[PDB]
């Protein structure tokens, strides 16, 4: 599934997720990265957590430059789980958690694709 040591170059999968979706209703922060607006609210971006939607958290993870180094892709796994947590908590399901589970599974699929891409010497 992966390699607990070093990461070849995780990113090809990230684009997959964001690619699957496409419907920027808010187009400002609820579905984008406020840090990509203007030099003034870059700080506030932290107060609102590093993306808590889906495409903003995935696109950012890769856009960051694929820092890599993962014992088991805990970075992406901790990001997706962090969203669902604040989702039902802050305001999202509150009764239909299954709604957040759907998007979660999709993410797992992408990871599998990349895993195969880097099997020659990166994740095996």
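None of the figures in this text is laboratory data; all of them are computed from the coordinates on show. Neighbour counts run over all protein chains shown; Cβ positions are idealised from the backbone, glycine included.
A few notes on this one:
- Normalising by residue count, the chain has a Cα convex hull of 107 Å³ per residue.
- For the peptides 10-23, 84-97, the ranking by mean Cβ contacts within 10 Å, running from highest to lowest, is 10-23, 84-97.
- 10 Å binning of all Cα-Cα separations within segment 79-124, expressed as whole percents from 0 upward: 25, 37, 22, 14, 2
- Whole-number percent relative contact order across the chain, with pairs defined as alpha carbons under 8 Å at least 6 apart: 42
- Sites residue 90 and residue 42 - FRET efficiency at Förster radius 30 Å, r taken between beta-carbons, to 0.05: 0.85
- The chain: angle of helix 74-90 to the longest principal axis, Cα-based, in degrees nearest 10: 20
- Cα centroid separation - segment 8-32 against segment 85-106, whole Å: 17
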